[PDB]
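Take a look at this one chain, the form deposited in one PDB entry, written out in structure tokens.
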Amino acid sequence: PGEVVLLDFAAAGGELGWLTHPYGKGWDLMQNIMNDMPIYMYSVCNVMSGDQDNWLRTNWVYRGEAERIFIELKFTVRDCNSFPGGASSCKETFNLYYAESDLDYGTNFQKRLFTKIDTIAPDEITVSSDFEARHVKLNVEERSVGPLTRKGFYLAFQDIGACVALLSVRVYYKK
């Protein structure tokens, strides 16, 4: 009721383009069409492929009146035991960051300007029998940041070698 939404990935219906770095090697915009409605997600799953440091940054969001924003994530993480021999290079977490700016820097992404909010861990991993039966465990996690002081902000997601699908990213403030 009293919430004002500033960013909503799933409501955009695949139309938000989030920046990825390194380009073409990590996070990817995916779709699933097994229901009446298409489902979109940002996914990465380079679990047995050497060290990973894959970044995904949102579009610029004008904060307006918001002083404190609340960030709600919905996501799946596959069990590292789904991947044979990967008990060393496979992870089940990813990291959430943000940055404030008075202008949209566009494709200029400088990870050095971003502040870490938290490591995001799944309450429930999706095990192989789930995945193979098309029955994922969707996690829901919320964080907040503030006071905000510039005109707008970005969120970013860092993958360190997990098998993660981001299905919902909703940012709001309370009026």
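Here, rigid core means the biggest group of C-alpha atoms that superpose within 1.5 Å across both forms. For every residue, the number given is its place in the sequence shown, counted from 1.
Beyond the structure shown, there is the form deposited in another entry, which is absent from this document and is the topic of what follows.
After superposition on the rigid core, the single residue among 135, 150, 68, 116 whose C-alpha moves by 2 Å or more between this form and the one not shown is 135.
Comparing the forms between this form and the one not shown on their rigid core, the Cα displacement of residue 12 reaches 2 Å or more.
A shift of at least 3 angstroms brings the Cα atoms of residue 76 and residue 15 nearer to each other in the other entry than in the displayed structure. Here's the thing about residue 9 and residue 14: their CA atoms end up at least 3 Å closer in the other entry than they are in this form.
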